[PDB]
file coords_39.pdb (PDB, C-alpha atoms)
ATOM      1  CA  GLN J   3     -97.454  57.253 -22.798  1.00  0.00           C
ATOM      2  CA  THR J   4     -97.697  60.628 -24.509  1.00  0.00           C
ATOM      3  CA  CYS J   5     -95.491  61.125 -27.561  1.00  0.00           C
ATOM      4  CA  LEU J   6     -94.766  64.641 -28.866  1.00  0.00           C
ATOM      5  CA  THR J   7     -93.042  65.713 -32.078  1.00  0.00           C
ATOM      6  CA  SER J   8     -92.951  69.455 -31.695  1.00  0.00           C
ATOM      7  CA  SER J   9     -92.081  72.031 -28.997  1.00  0.00           C
ATOM      8  CA  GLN J  10     -94.006  71.832 -25.770  1.00  0.00           C
ATOM      9  CA  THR J  11     -93.687  72.452 -22.028  1.00  0.00           C
ATOM     10  CA  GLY J  12     -96.099  70.981 -19.488  1.00  0.00           C
ATOM     11  CA  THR J  13     -96.527  68.492 -16.750  1.00  0.00           C
ATOM     12  CA  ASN J  14     -96.620  64.744 -16.842  1.00  0.00           C
ATOM     13  CA  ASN J  15     -97.162  62.204 -14.042  1.00  0.00           C
ATOM     14  CA  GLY J  16     -96.116  64.724 -11.329  1.00  0.00           C
ATOM     15  CA  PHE J  17     -93.108  66.009 -13.292  1.00  0.00           C
ATOM     16  CA  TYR J  18     -92.449  69.135 -15.308  1.00  0.00           C
ATOM     17  CA  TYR J  19     -91.112  68.708 -18.858  1.00  0.00           C
ATOM     18  CA  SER J  20     -89.716  71.008 -21.513  1.00  0.00           C
ATOM     19  CA  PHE J  21     -89.142  69.872 -25.114  1.00  0.00           C
ATOM     20  CA  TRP J  22     -87.882  72.204 -27.821  1.00  0.00           C
ATOM     21  CA  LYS J  23     -86.765  71.730 -31.458  1.00  0.00           C
ATOM     22  CA  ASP J  24     -86.254  74.028 -34.464  1.00  0.00           C
ATOM     23  CA  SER J  25     -87.928  73.027 -37.748  1.00  0.00           C
ATOM     24  CA  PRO J  26     -85.662  70.368 -39.374  1.00  0.00           C
ATOM     25  CA  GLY J  27     -85.993  66.628 -38.833  1.00  0.00           C
ATOM     26  CA  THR J  28     -87.934  64.462 -36.360  1.00  0.00           C
ATOM     27  CA  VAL J  29     -87.910  64.151 -32.550  1.00  0.00           C
ATOM     28  CA  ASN J  30     -90.115  61.541 -30.986  1.00  0.00           C
ATOM     29  CA  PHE J  31     -90.205  62.781 -27.386  1.00  0.00           C
ATOM     30  CA  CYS J  32     -92.328  60.383 -25.343  1.00  0.00           C
ATOM     31  CA  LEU J  33     -93.487  60.981 -21.796  1.00  0.00           C
ATOM     32  CA  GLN J  34     -93.643  57.757 -19.704  1.00  0.00           C
ATOM     33  CA  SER J  35     -94.621  56.929 -16.146  1.00  0.00           C
ATOM     34  CA  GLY J  36     -93.084  58.761 -13.169  1.00  0.00           C
ATOM     35  CA  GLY J  37     -89.941  60.796 -14.001  1.00  0.00           C
ATOM     36  CA  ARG J  38     -89.226  58.831 -17.187  1.00  0.00           C
ATOM     37  CA  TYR J  39     -89.042  60.086 -20.767  1.00  0.00           C
ATOM     38  CA  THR J  40     -87.628  58.721 -23.988  1.00  0.00           C
ATOM     39  CA  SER J  41     -86.308  60.437 -27.069  1.00  0.00           C
ATOM     40  CA  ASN J  42     -85.084  59.616 -30.512  1.00  0.00           C
ATOM     41  CA  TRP J  43     -83.993  62.185 -33.080  1.00  0.00           C
ATOM     42  CA  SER J  44     -83.128  62.160 -36.807  1.00  0.00           C
ATOM     43  CA  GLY J  45     -82.045  64.781 -39.391  1.00  0.00           C
ATOM     44  CA  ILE J  46     -82.572  67.494 -36.789  1.00  0.00           C
ATOM     45  CA  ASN J  47     -80.793  70.848 -36.537  1.00  0.00           C
ATOM     46  CA  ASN J  48     -81.065  71.352 -32.744  1.00  0.00           C
ATOM     47  CA  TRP J  49     -83.350  70.057 -29.962  1.00  0.00           C
ATOM     48  CA  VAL J  50     -83.324  69.853 -26.148  1.00  0.00           C
ATOM     49  CA  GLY J  51     -85.825  68.263 -23.802  1.00  0.00           C
ATOM     50  CA  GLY J  52     -86.435  66.312 -20.634  1.00  0.00           C
ATOM     51  CA  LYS J  53     -88.262  65.938 -17.338  1.00  0.00           C
ATOM     52  CA  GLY J  54     -87.679  67.694 -14.049  1.00  0.00           C
ATOM     53  CA  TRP J  55     -89.021  70.705 -12.211  1.00  0.00           C
ATOM     54  CA  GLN J  56     -90.870  73.906 -13.077  1.00  0.00           C
ATOM     55  CA  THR J  57     -88.704  75.726 -10.519  1.00  0.00           C
ATOM     56  CA  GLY J  58     -85.133  74.706 -10.057  1.00  0.00           C
ATOM     57  CA  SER J  59     -83.439  74.488  -6.653  1.00  0.00           C
ATOM     58  CA  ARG J  60     -80.427  73.005  -4.815  1.00  0.00           C
ATOM     59  CA  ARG J  61     -82.222  69.587  -4.865  1.00  0.00           C
ATOM     60  CA  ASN J  62     -79.996  66.555  -5.524  1.00  0.00           C
ATOM     61  CA  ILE J  63     -81.008  65.093  -8.899  1.00  0.00           C
ATOM     62  CA  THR J  64     -80.663  61.352  -9.598  1.00  0.00           C
ATOM     63  CA  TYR J  65     -81.026  59.875 -13.099  1.00  0.00           C
ATOM     64  CA  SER J  66     -80.538  56.542 -14.925  1.00  0.00           C
ATOM     65  CA  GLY J  67     -80.962  54.953 -18.356  1.00  0.00           C
ATOM     66  CA  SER J  68     -79.437  55.055 -21.814  1.00  0.00           C
ATOM     67  CA  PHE J  69     -77.981  57.724 -24.086  1.00  0.00           C
ATOM     68  CA  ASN J  70     -76.851  56.921 -27.623  1.00  0.00           C
ATOM     69  CA  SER J  71     -75.331  59.755 -29.626  1.00  0.00           C
ATOM     70  CA  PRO J  72     -72.875  58.706 -32.362  1.00  0.00           C
ATOM     71  CA  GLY J  73     -72.760  62.344 -33.448  1.00  0.00           C
ATOM     72  CA  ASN J  74     -73.230  65.602 -31.568  1.00  0.00           C
ATOM     73  CA  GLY J  75     -75.488  65.241 -28.500  1.00  0.00           C
ATOM     74  CA  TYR J  76     -75.456  65.901 -24.737  1.00  0.00           C
ATOM     75  CA  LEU J  77     -76.899  64.308 -21.629  1.00  0.00           C
ATOM     76  CA  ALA J  78     -77.049  67.063 -19.011  1.00  0.00           C
ATOM     77  CA  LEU J  79     -78.826  68.650 -16.150  1.00  0.00           C
ATOM     78  CA  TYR J  80     -80.121  71.787 -17.847  1.00  0.00           C
ATOM     79  CA  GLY J  81     -82.049  74.852 -16.675  1.00  0.00           C
ATOM     80  CA  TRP J  82     -82.468  78.612 -16.536  1.00  0.00           C
ATOM     81  CA  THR J  83     -82.418  81.529 -14.159  1.00  0.00           C
ATOM     82  CA  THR J  84     -83.590  85.073 -14.661  1.00  0.00           C
ATOM     83  CA  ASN J  85     -82.032  88.297 -13.389  1.00  0.00           C
ATOM     84  CA  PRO J  86     -79.366  87.388 -14.676  1.00  0.00           C
ATOM     85  CA  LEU J  87     -80.748  85.411 -17.606  1.00  0.00           C
ATOM     86  CA  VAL J  88     -78.633  82.239 -17.467  1.00  0.00           C
ATOM     87  CA  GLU J  89     -78.797  78.953 -19.362  1.00  0.00           C
ATOM     88  CA  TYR J  90     -76.867  76.292 -17.444  1.00  0.00           C
ATOM     89  CA  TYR J  91     -75.610  72.700 -17.969  1.00  0.00           C
ATOM     90  CA  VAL J  92     -74.065  69.982 -15.880  1.00  0.00           C
ATOM     91  CA  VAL J  93     -72.947  67.714 -18.687  1.00  0.00           C
ATOM     92  CA  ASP J  94     -72.424  64.011 -17.769  1.00  0.00           C
ATOM     93  CA  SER J  95     -72.136  62.589 -21.246  1.00  0.00           C
ATOM     94  CA  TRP J  96     -71.830  63.744 -24.816  1.00  0.00           C
ATOM     95  CA  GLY J  97     -71.453  62.268 -28.323  1.00  0.00           C
ATOM     96  CA  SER J  98     -68.964  63.261 -31.011  1.00  0.00           C
ATOM     97  CA  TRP J  99     -68.144  66.742 -29.673  1.00  0.00           C
ATOM     98  CA  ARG J 100     -67.200  67.678 -26.086  1.00  0.00           C
ATOM     99  CA  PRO J 101     -68.966  70.895 -25.070  1.00  0.00           C
ATOM    100  CA  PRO J 102     -68.913  73.935 -24.857  1.00  0.00           C
ATOM    101  CA  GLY J 103     -66.139  74.259 -27.469  1.00  0.00           C
ATOM    102  CA  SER J 104     -63.926  77.231 -28.272  1.00  0.00           C
ATOM    103  CA  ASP J 105     -66.758  79.679 -27.356  1.00  0.00           C
ATOM    104  CA  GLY J 106     -66.250  78.540 -23.731  1.00  0.00           C
ATOM    105  CA  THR J 107     -63.950  80.237 -21.234  1.00  0.00           C
ATOM    106  CA  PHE J 108     -62.299  77.753 -18.839  1.00  0.00           C
ATOM    107  CA  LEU J 109     -62.652  78.902 -15.165  1.00  0.00           C
ATOM    108  CA  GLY J 110     -61.523  75.874 -13.155  1.00  0.00           C
ATOM    109  CA  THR J 111     -62.866  72.517 -11.941  1.00  0.00           C
ATOM    110  CA  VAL J 112     -65.284  71.128  -9.320  1.00  0.00           C
ATOM    111  CA  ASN J 113     -65.301  67.597  -7.854  1.00  0.00           C
ATOM    112  CA  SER J 114     -68.830  66.243  -7.408  1.00  0.00           C
ATOM    113  CA  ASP J 115     -70.573  62.866  -7.342  1.00  0.00           C
ATOM    114  CA  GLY J 116     -67.287  60.954  -7.885  1.00  0.00           C
ATOM    115  CA  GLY J 117     -66.409  62.982 -10.998  1.00  0.00           C
ATOM    116  CA  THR J 118     -64.328  66.038 -11.853  1.00  0.00           C
ATOM    117  CA  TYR J 119     -65.998  68.637 -14.072  1.00  0.00           C
ATOM    118  CA  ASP J 120     -64.484  71.475 -16.088  1.00  0.00           C
ATOM    119  CA  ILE J 121     -66.263  74.845 -15.509  1.00  0.00           C
ATOM    120  CA  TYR J 122     -66.862  77.127 -18.515  1.00  0.00           C
ATOM    121  CA  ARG J 123     -68.656  80.409 -19.145  1.00  0.00           C
ATOM    122  CA  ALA J 124     -69.929  81.200 -22.667  1.00  0.00           C
ATOM    123  CA  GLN J 125     -72.063  83.979 -24.047  1.00  0.00           C
ATOM    124  CA  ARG J 126     -75.064  84.002 -26.361  1.00  0.00           C
ATOM    125  CA  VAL J 127     -75.663  87.437 -27.934  1.00  0.00           C
ATOM    126  CA  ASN J 128     -79.038  87.758 -29.699  1.00  0.00           C
ATOM    127  CA  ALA J 129     -80.347  84.344 -29.023  1.00  0.00           C
ATOM    128  CA  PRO J 130     -83.699  82.597 -28.272  1.00  0.00           C
ATOM    129  CA  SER J 131     -84.321  82.115 -24.560  1.00  0.00           C
ATOM    130  CA  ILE J 132     -87.054  81.534 -22.017  1.00  0.00           C
ATOM    131  CA  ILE J 133     -87.826  85.287 -22.297  1.00  0.00           C
ATOM    132  CA  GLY J 134     -87.302  85.578 -26.067  1.00  0.00           C
ATOM    133  CA  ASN J 135     -84.446  87.186 -27.945  1.00  0.00           C
ATOM    134  CA  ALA J 136     -81.729  88.090 -25.483  1.00  0.00           C
ATOM    135  CA  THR J 137     -78.064  88.151 -24.593  1.00  0.00           C
ATOM    136  CA  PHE J 138     -77.183  85.776 -21.840  1.00  0.00           C
ATOM    137  CA  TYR J 139     -74.288  83.895 -20.291  1.00  0.00           C
ATOM    138  CA  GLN J 140     -74.164  80.115 -20.178  1.00  0.00           C
ATOM    139  CA  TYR J 141     -72.598  78.208 -17.227  1.00  0.00           C
ATOM    140  CA  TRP J 142     -71.113  74.784 -17.889  1.00  0.00           C
ATOM    141  CA  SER J 143     -69.850  71.963 -15.723  1.00  0.00           C
ATOM    142  CA  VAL J 144     -68.601  69.285 -18.139  1.00  0.00           C
ATOM    143  CA  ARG J 145     -67.411  65.908 -16.766  1.00  0.00           C
ATOM    144  CA  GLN J 146     -63.816  65.034 -17.693  1.00  0.00           C
ATOM    145  CA  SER J 147     -64.890  61.470 -18.771  1.00  0.00           C
ATOM    146  CA  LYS J 148     -68.421  60.451 -19.897  1.00  0.00           C
ATOM    147  CA  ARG J 149     -70.987  58.832 -17.642  1.00  0.00           C
ATOM    148  CA  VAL J 150     -74.600  57.800 -18.139  1.00  0.00           C
ATOM    149  CA  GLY J 151     -76.250  57.458 -14.709  1.00  0.00           C
ATOM    150  CA  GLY J 152     -75.834  58.849 -11.260  1.00  0.00           C
ATOM    151  CA  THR J 153     -76.653  61.656  -8.830  1.00  0.00           C
ATOM    152  CA  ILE J 154     -75.970  65.353  -9.594  1.00  0.00           C
ATOM    153  CA  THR J 155     -75.463  67.315  -6.347  1.00  0.00           C
ATOM    154  CA  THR J 156     -76.557  70.674  -7.799  1.00  0.00           C
ATOM    155  CA  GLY J 157     -75.363  72.634  -4.753  1.00  0.00           C
ATOM    156  CA  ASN J 158     -71.706  71.564  -5.443  1.00  0.00           C
ATOM    157  CA  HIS J 159     -71.901  72.941  -9.021  1.00  0.00           C
ATOM    158  CA  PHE J 160     -73.873  76.058  -7.982  1.00  0.00           C
ATOM    159  CA  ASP J 161     -71.329  76.741  -5.179  1.00  0.00           C
ATOM    160  CA  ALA J 162     -68.324  76.190  -7.521  1.00  0.00           C
ATOM    161  CA  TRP J 163     -69.831  78.400 -10.253  1.00  0.00           C
ATOM    162  CA  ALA J 164     -70.429  81.101  -7.585  1.00  0.00           C
ATOM    163  CA  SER J 165     -66.726  80.922  -6.420  1.00  0.00           C
ATOM    164  CA  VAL J 166     -65.708  81.775 -10.004  1.00  0.00           C
ATOM    165  CA  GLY J 167     -68.076  84.705 -10.380  1.00  0.00           C
ATOM    166  CA  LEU J 168     -70.904  82.910 -12.170  1.00  0.00           C
ATOM    167  CA  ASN J 169     -74.041  84.211 -10.486  1.00  0.00           C
ATOM    168  CA  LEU J 170     -77.305  82.293 -10.561  1.00  0.00           C
ATOM    169  CA  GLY J 171     -80.534  84.327 -10.661  1.00  0.00           C
ATOM    170  CA  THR J 172     -84.176  83.452  -9.793  1.00  0.00           C
ATOM    171  CA  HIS J 173     -84.578  79.794 -10.919  1.00  0.00           C
ATOM    172  CA  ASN J 174     -86.858  78.904 -13.766  1.00  0.00           C
ATOM    173  CA  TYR J 175     -87.064  75.278 -14.939  1.00  0.00           C
ATOM    174  CA  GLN J 176     -84.523  72.537 -14.233  1.00  0.00           C
ATOM    175  CA  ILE J 177     -84.552  69.280 -16.190  1.00  0.00           C
ATOM    176  CA  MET J 178     -82.449  66.212 -16.954  1.00  0.00           C
ATOM    177  CA  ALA J 179     -82.090  66.971 -20.596  1.00  0.00           C
ATOM    178  CA  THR J 180     -81.083  65.286 -23.812  1.00  0.00           C
ATOM    179  CA  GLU J 181     -79.713  67.599 -26.524  1.00  0.00           C
ATOM    180  CA  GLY J 182     -78.910  66.794 -30.199  1.00  0.00           C
ATOM    181  CA  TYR J 183     -77.147  68.935 -32.762  1.00  0.00           C
ATOM    182  CA  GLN J 184     -77.192  68.142 -36.503  1.00  0.00           C
ATOM    183  CA  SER J 185     -77.257  64.436 -35.688  1.00  0.00           C
ATOM    184  CA  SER J 186     -79.442  61.426 -34.888  1.00  0.00           C
ATOM    185  CA  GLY J 187     -79.649  59.412 -31.684  1.00  0.00           C
ATOM    186  CA  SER J 188     -81.789  58.294 -28.755  1.00  0.00           C
ATOM    187  CA  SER J 189     -82.136  58.368 -24.944  1.00  0.00           C
ATOM    188  CA  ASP J 190     -84.255  56.896 -22.207  1.00  0.00           C
ATOM    189  CA  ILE J 191     -83.889  58.796 -18.954  1.00  0.00           C
ATOM    190  CA  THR J 192     -85.647  58.543 -15.550  1.00  0.00           C
ATOM    191  CA  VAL J 193     -85.251  61.498 -13.162  1.00  0.00           C
ATOM    192  CA  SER J 194     -85.996  61.897  -9.466  1.00  0.00           C
ATOM    193  CA  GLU J 195     -84.838  63.708  -6.394  1.00  0.00           C
ATOM    194  CA  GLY J 196     -84.982  60.803  -3.915  1.00  0.00           C
ATOM    195  CA  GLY J 197     -81.641  59.207  -4.784  1.00  0.00           C
TER     196      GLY J 197
END

call {"tool": "encode", "arguments": {"input": "coords_39.pdb", "output": "C-alpha coordinates"}}
result
Amino acid sequence: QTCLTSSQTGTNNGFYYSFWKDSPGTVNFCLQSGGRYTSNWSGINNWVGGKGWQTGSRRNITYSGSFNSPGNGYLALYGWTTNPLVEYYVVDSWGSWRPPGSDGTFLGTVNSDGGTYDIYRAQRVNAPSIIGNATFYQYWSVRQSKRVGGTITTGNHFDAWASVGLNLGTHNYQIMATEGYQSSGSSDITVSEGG
(Lines of atoms letter the chains of each structure in order from A and count residues from 1; the text may use other names and numbers.)
(Lines give C-alpha, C1' and ligand atoms only; values in the text may rest on other atoms or scores of the structure.)
Protein backbone atom coordinates (compact mmCIF):
# COMPACT_ATOMS: atom_id res chain seq x y z
CA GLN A 1 0.00 0.00 0.00
CA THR A 2 0.88 3.64 -0.61
CA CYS A 3 -0.74 6.17 1.71
CA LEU A 4 -0.87 9.87 0.75
CA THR A 5 -1.93 12.86 2.83
CA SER A 6 -1.67 15.67 0.33
CA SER A 7 -2.67 16.36 -3.30
CA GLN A 8 -1.32 14.02 -5.92
CA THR A 9 -2.16 12.45 -9.28
CA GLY A 10 -0.36 9.39 -10.63
CA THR A 11 -0.65 5.76 -11.41
CA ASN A 12 -0.95 2.78 -9.15
CA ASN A 13 -1.15 -0.94 -9.95
CA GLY A 14 -2.33 -0.27 -13.55
CA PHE A 15 -4.83 2.42 -12.52
CA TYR A 16 -4.81 6.19 -12.68
CA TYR A 17 -5.60 8.11 -9.48
CA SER A 18 -6.30 11.72 -8.59
CA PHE A 19 -6.41 12.95 -4.98
CA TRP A 20 -6.96 16.59 -4.08
CA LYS A 21 -7.53 18.48 -0.79
CA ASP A 22 -7.30 22.13 0.33
CA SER A 23 -5.24 22.88 3.46
CA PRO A 24 -7.50 22.08 6.48
CA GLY A 25 -7.67 18.71 8.21
CA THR A 26 -6.39 15.22 7.35
CA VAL A 27 -7.06 12.81 4.46
CA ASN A 28 -5.43 9.43 4.58
CA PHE A 29 -5.78 8.36 0.94
CA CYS A 30 -4.28 4.89 0.56
CA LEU A 31 -3.65 3.14 -2.73
CA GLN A 32 -4.18 -0.66 -2.54
CA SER A 33 -3.88 -3.52 -4.99
CA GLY A 34 -5.66 -3.47 -8.37
CA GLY A 35 -8.39 -0.79 -8.68
CA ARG A 36 -8.80 -0.43 -4.91
CA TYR A 37 -8.27 2.65 -2.74
CA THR A 38 -9.29 3.64 0.75
CA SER A 39 -9.91 7.01 2.32
CA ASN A 40 -10.65 8.52 5.66
CA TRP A 41 -11.03 12.24 6.30
CA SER A 42 -11.29 14.50 9.38
CA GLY A 43 -11.65 18.26 10.01
CA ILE A 44 -11.25 18.87 6.28
CA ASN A 45 -12.67 21.74 4.23
CA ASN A 46 -12.96 19.94 0.85
CA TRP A 47 -11.30 16.91 -0.79
CA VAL A 48 -11.96 14.58 -3.75
CA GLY A 49 -10.05 11.52 -4.87
CA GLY A 50 -10.17 8.04 -6.33
CA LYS A 51 -8.95 5.54 -8.89
CA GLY A 52 -9.85 5.19 -12.54
CA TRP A 53 -8.50 6.32 -15.87
CA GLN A 54 -6.20 9.04 -17.18
CA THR A 55 -8.53 9.44 -20.16
CA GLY A 56 -12.22 9.01 -19.70
CA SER A 57 -14.45 7.21 -22.21
CA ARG A 58 -17.86 5.52 -22.63
CA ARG A 59 -16.47 2.48 -20.70
CA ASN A 60 -18.87 0.82 -18.24
CA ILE A 61 -17.50 1.38 -14.73
CA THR A 62 -18.14 -1.16 -11.95
CA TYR A 63 -17.38 -0.42 -8.28
CA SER A 64 -17.93 -1.97 -4.82
CA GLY A 65 -17.14 -1.38 -1.15
CA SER A 66 -18.07 0.95 1.69
CA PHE A 67 -18.85 4.64 2.05
CA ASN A 68 -19.48 6.21 5.46
CA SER A 69 -20.34 9.90 5.51
CA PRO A 70 -22.43 11.06 8.50
CA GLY A 71 -21.97 14.62 7.25
CA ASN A 72 -21.46 16.08 3.79
CA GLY A 73 -19.77 13.64 1.38
CA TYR A 74 -20.33 12.04 -2.05
CA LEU A 75 -19.59 8.73 -3.72
CA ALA A 76 -19.56 9.43 -7.46
CA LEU A 77 -18.10 8.75 -10.81
CA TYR A 78 -16.22 12.00 -11.37
CA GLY A 79 -14.18 13.45 -14.24
CA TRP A 80 -13.38 16.31 -16.58
CA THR A 81 -13.49 17.31 -20.21
CA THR A 82 -11.87 20.23 -21.96
CA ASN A 83 -13.25 22.38 -24.77
CA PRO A 84 -15.76 22.86 -23.03
CA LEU A 85 -14.16 22.69 -19.59
CA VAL A 86 -16.60 20.45 -17.70
CA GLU A 87 -16.49 18.85 -14.26
CA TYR A 88 -18.98 15.98 -14.12
CA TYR A 89 -20.52 13.62 -11.51
CA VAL A 90 -22.67 10.53 -11.50
CA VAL A 91 -23.56 10.51 -7.83
CA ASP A 92 -24.63 7.11 -6.36
CA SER A 93 -24.51 8.00 -2.70
CA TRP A 94 -24.11 11.01 -0.48
CA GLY A 95 -24.08 11.88 3.25
CA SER A 96 -25.99 14.66 5.00
CA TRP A 97 -26.63 16.84 1.93
CA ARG A 98 -28.02 15.73 -1.45
CA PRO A 99 -26.10 17.41 -4.27
CA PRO A 100 -25.86 19.74 -6.23
CA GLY A 101 -28.13 21.99 -4.12
CA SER A 102 -29.85 25.23 -5.07
CA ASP A 103 -26.95 26.16 -7.43
CA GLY A 104 -28.15 23.28 -9.66
CA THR A 105 -30.62 23.64 -12.52
CA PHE A 106 -32.89 20.59 -12.88
CA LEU A 107 -33.01 19.36 -16.55
CA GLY A 108 -34.77 15.99 -16.32
CA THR A 109 -34.01 12.36 -15.42
CA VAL A 110 -32.21 9.32 -16.88
CA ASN A 111 -32.81 5.65 -16.00
CA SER A 112 -29.56 3.67 -15.80
CA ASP A 113 -28.23 0.61 -13.99
CA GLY A 114 -31.58 -0.03 -12.21
CA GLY A 115 -31.72 3.53 -10.83
CA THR A 116 -33.29 6.85 -11.79
CA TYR A 117 -31.02 9.89 -11.63
CA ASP A 118 -31.87 13.59 -11.57
CA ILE A 119 -29.85 15.64 -14.13
CA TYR A 120 -28.54 19.07 -13.08
CA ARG A 121 -26.32 21.74 -14.62
CA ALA A 122 -24.42 24.14 -12.32
CA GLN A 123 -21.80 26.77 -12.98
CA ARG A 124 -18.49 27.56 -11.32
CA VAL A 125 -17.28 31.10 -12.10
CA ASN A 126 -13.65 31.75 -11.09
CA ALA A 127 -12.84 28.39 -9.72
CA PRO A 128 -9.86 25.95 -9.53
CA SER A 129 -9.90 23.34 -12.28
CA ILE A 130 -7.69 20.94 -14.18
CA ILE A 131 -6.48 23.97 -16.20
CA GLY A 132 -6.36 26.44 -13.29
CA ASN A 133 -8.68 29.31 -12.53
CA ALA A 134 -11.64 29.13 -14.87
CA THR A 135 -15.38 29.34 -15.38
CA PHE A 136 -16.94 26.03 -16.15
CA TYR A 137 -20.23 24.17 -16.11
CA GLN A 138 -20.78 21.09 -13.97
CA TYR A 139 -23.00 18.17 -15.14
CA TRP A 140 -24.72 16.07 -12.49
CA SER A 141 -26.61 12.80 -12.51
CA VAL A 142 -27.74 12.25 -8.90
CA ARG A 143 -29.50 8.97 -7.95
CA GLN A 144 -32.97 9.45 -6.45
CA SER A 145 -32.13 7.01 -3.56
CA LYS A 146 -28.60 6.19 -2.29
CA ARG A 147 -26.62 3.14 -3.33
CA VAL A 148 -23.11 1.94 -2.57
CA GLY A 149 -22.07 -0.58 -5.25
CA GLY A 150 -22.88 -1.35 -8.82
CA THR A 151 -22.16 -0.62 -12.48
CA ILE A 152 -22.30 2.90 -13.99
CA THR A 153 -23.11 2.72 -17.72
CA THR A 154 -21.44 6.05 -18.59
CA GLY A 155 -22.88 6.11 -22.12
CA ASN A 156 -26.48 6.30 -20.69
CA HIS A 157 -25.56 9.41 -18.63
CA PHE A 158 -23.46 10.96 -21.42
CA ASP A 159 -26.32 10.38 -23.92
CA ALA A 160 -28.96 11.81 -21.51
CA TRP A 161 -26.80 14.86 -20.70
CA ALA A 162 -26.35 15.41 -24.47
CA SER A 163 -30.19 15.27 -25.06
CA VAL A 164 -30.52 18.18 -22.60
CA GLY A 165 -27.82 20.32 -24.17
CA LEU A 166 -24.95 19.38 -21.86
CA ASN A 167 -22.00 18.90 -24.19
CA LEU A 168 -19.00 16.81 -23.22
CA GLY A 169 -15.59 17.91 -24.55
CA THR A 170 -12.25 16.05 -24.98
CA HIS A 171 -12.08 13.69 -21.95
CA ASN A 172 -9.48 14.17 -19.28
CA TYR A 173 -9.49 11.89 -16.22
CA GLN A 174 -12.39 9.75 -15.02
CA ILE A 175 -12.41 8.24 -11.53
CA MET A 176 -14.68 6.60 -8.98
CA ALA A 177 -14.37 9.34 -6.46
CA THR A 178 -15.03 10.00 -2.80
CA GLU A 179 -15.69 13.64 -1.88
CA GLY A 180 -15.98 15.23 1.61
CA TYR A 181 -17.06 18.72 2.54
CA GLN A 182 -16.51 20.20 6.02
CA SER A 183 -16.98 16.75 7.54
CA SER A 184 -15.29 13.49 8.51
CA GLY A 185 -15.82 10.01 7.09
CA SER A 186 -14.31 7.06 5.24
CA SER A 187 -14.57 4.89 2.09
CA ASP A 188 -13.08 1.77 0.61
CA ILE A 189 -13.76 1.52 -3.11
CA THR A 190 -12.60 -0.94 -5.83
CA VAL A 191 -13.05 0.15 -9.46
CA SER A 192 -12.86 -1.77 -12.73
CA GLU A 193 -14.29 -1.85 -16.19
CA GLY A 194 -14.86 -5.61 -16.50
CA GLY A 195 -18.18 -5.79 -14.64

call {"tool": "closest_atom_pairs", "arguments": {"input": "coords_39.pdb", "of": "region 66-185 of chain J", "to": "region 8-31 of chain J", "cutoff": "12 Å", "atoms": "only C-alpha atoms", "output": "tab-separated table"}}
result
residue	atom	partner	partner_atom	distance
J:80	CA	J:20	CA	10.3
J:81	CA	J:20	CA	9.8
J:82	CA	J:20	CA	11.6
J:130	CA	J:24	CA	10.9
J:131	CA	J:22	CA	11.0
J:132	CA	J:20	CA	10.9
J:174	CA	J:18	CA	11.4
J:175	CA	J:18	CA	8.2
J:176	CA	J:18	CA	8.7
J:177	CA	J:19	CA	7.1
J:178	CA	J:19	CA	9.2
J:179	CA	J:20	CA	8.7
J:180	CA	J:21	CA	9.4
J:181	CA	J:22	CA	9.5
J:182	CA	J:23	CA	9.4
J:183	CA	J:23	CA	10.1
J:184	CA	J:26	CA	9.2
J:185	CA	J:27	CA	9.5

call {"tool": "atom_distance", "arguments": {"input": "coords_39.pdb", "atom1": "CA of residue 171 (chain J)", "atom2": "CA of residue 83 (chain J)"}}
result
4.9 Å

call {"tool": "closest_residue", "arguments": {"input": "coords_39.pdb", "among": "J:196, J:191, J:147, J:49", "to": "residue 33 (chain J)", "atoms": "all atoms listed in the file"}}
result
J:191

call {"tool": "resolve_selection", "arguments": {"input": "coords_39.pdb", "expression": "the PyMOL selection byres ((chain J and resi 150) around 9)", "output": "ChimeraX atom specification"}}
result
/J:65-69,77,94-95,148-149,151-152

call {"tool": "atom_distance", "arguments": {"input": "coords_39.pdb", "atom1": "CA of residue 192 (chain J)", "atom2": "CA of residue 97 (chain J)"}}
result
19.5 Å

call {"tool": "closest_residue", "arguments": {"input": "coords_39.pdb", "among": "J:102, J:45, J:167, J:58", "to": "residue 186 (chain J)", "atoms": "only C-alpha atoms"}}
result
J:45

call {"tool": "closest_atom_pairs", "arguments": {"input": "coords_39.pdb", "of": "region 36-78 of chain J", "to": "region 105-117 of chain J", "cutoff": "12 Å", "atoms": "all atoms listed in the file", "output": "CSV"}}
result
residue,atom,partner,partner_atom,distance
J:62,CA,J:115,CA,10.3
J:63,CA,J:115,CA,10.8
J:64,CA,J:115,CA,10.4

call {"tool": "resolve_selection", "arguments": {"input": "coords_39.pdb", "expression": "the PyMOL selection byres ((chain J and resi 187) around 8)", "output": "PyMOL selection string"}}
result
chain J and resi 42-44+69-73+75+182+185-186+188-189

call {"tool": "atom_distance", "arguments": {"input": "coords_39.pdb", "atom1": "CA of residue 136 (chain J)", "atom2": "CA of residue 166 (chain J)"}}
result
23.2 Å

call {"tool": "closest_residue", "arguments": {"input": "coords_39.pdb", "among": "J:163, J:141, J:90, J:39", "to": "residue 124 (chain J)", "atoms": "only C-alpha atoms"}}
result
J:141
